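Before any questions on how it binds or moves, here is one chain, the form deposited in one PDB entry, in structure tokens.
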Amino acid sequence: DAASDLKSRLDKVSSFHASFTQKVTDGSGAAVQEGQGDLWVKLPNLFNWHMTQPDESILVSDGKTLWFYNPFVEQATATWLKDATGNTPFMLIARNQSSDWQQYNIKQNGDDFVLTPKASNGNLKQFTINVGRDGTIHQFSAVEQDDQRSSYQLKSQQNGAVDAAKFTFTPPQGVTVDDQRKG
């Protein structure tokens, strides 16, 4: 079915670097903001997301901690990855339990998938992904409770090995770190 097809496309992703553009649109479909940058990914749970435009910001998952670094205000926040990802389909990738997939209704037309949480919890109503049978991810989006859509268009997906140094984060010199990890 759509779920087993999606997982079989996601099984074919190992690690990549991609460039992304970002289009945020309100419920009425008007433009809220535009942005671009780089994404490094390595299954099951590692990523480095670098917005350059319009405002620079870095998200690094080392697989346990999610680091948010905003170099403009020279601040970095550390959170548990499981806390930070809990209102997303993260776990559909980060492990492969039947449990996780049963929390979503999935509709498919070719490379286009829509995932709707059964019980919607958090500000996130809906997710879309466009991913080929080869495992190239062309697009994903998240719809917030107020119908604001964040759309990511990916390109230049290079499926080489990516250095594991991409998924370490050391706060730079004179960056104040707000460590929100309760031990």
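Residue positions are given as counts along the sequence shown, with the first one as 1. Basically, rigid core = biggest C-alpha set you can superpose within 1.5 Å across the two forms.
Visitor: Hey, which bit's got the bigger mean C-alpha B factor in the entry, 97-105 or 84-92?
Guide: Taking the mean B-factor of the alpha carbons in each, 97-105 is higher.
Visitor: Would you tell me which stretch averages the higher CA B-factor in the PDB entry, 16-24 or 156-164?
Guide: Mean B over CA atoms: larger for 156-164.
Visitor: Of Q53, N48, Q139, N45, which one's C-alpha B factor is largest in the deposited record?
Guide: Within the set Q53, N48, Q139, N45, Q53 shows the top C-alpha B-factor.
Visitor: Which one of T116, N123, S150, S61 shows the top CA temperature factor in the record?
Guide: Among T116, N123, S150, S61, the highest C-alpha B-factor in the entry belongs to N123.
Visitor: With respect to C-alpha B-factor, does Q36 fall in the lowest, middle or highest third of the chain as deposited?
Guide: Within its chain, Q36 is a middle-third residue by C-alpha B-factor, going by the deposited values.
Visitor: Quick check for you: using the entry's CA B-factors within this chain, is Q75 in the lowest, middle or highest third?
Guide: For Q75, whose C-alpha B-factor we compare with every modelled residue in the chain, the answer is the highest third.
Visitor: With respect to C-alpha B-factor, does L6 fall in the lowest, middle or highest third of the chain as deposited?
Guide: Its C-alpha B-factor belongs to the lowest third of this chain's values.
Visitor: By the record's CA B-factor, is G29 among the lowest, middle or highest third of residues in the chain?
Guide: Top third by C-alpha B-factor.
The following text describes the form deposited in another entry, which does not appear among the structures shown.
Visitor: Of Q145, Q158, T116, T52, which one has a Cα that moves 2 Å or more between this form and the one not shown once the core is lined up?
Guide: That would be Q145.
Visitor: Cα of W80 displaced 2 Å or more between this form and the one not shown, core superposed?
Guide: Superposed on the core, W80 moves its C-alpha less than 2 Å between this form and the one not shown.
Visitor: Following rigid core alignment, is the displacement of the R95 C-alpha between this form and the one not shown equal to or greater than 2 angstroms?
Guide: Yes, its C-alpha moves 2 Å or more.
Visitor: Please state whether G29 has a C-alpha shift of 2 Å or more between this form and the one not shown, with the rigid core used for the fit.
Guide: Moves: yes, 2 Å or greater.
Visitor: Can you tell whether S150 sits closer to or farther from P89 in the other entry than it does here, judged by CA atoms, where the change is 3 Å or more?
Guide: Between the C-alphas of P89 and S150, the gap narrows in the other entry (3 Å or more compared with this form).
Visitor: Given that the CA-CA distance for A142 and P89 shifts by 3 Å or more in the other entry, does it become closer or farther?
Guide: Relative to the displayed form, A142 and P89 draw closer in the other entry - a change of at least 3 Å between their C-alphas.
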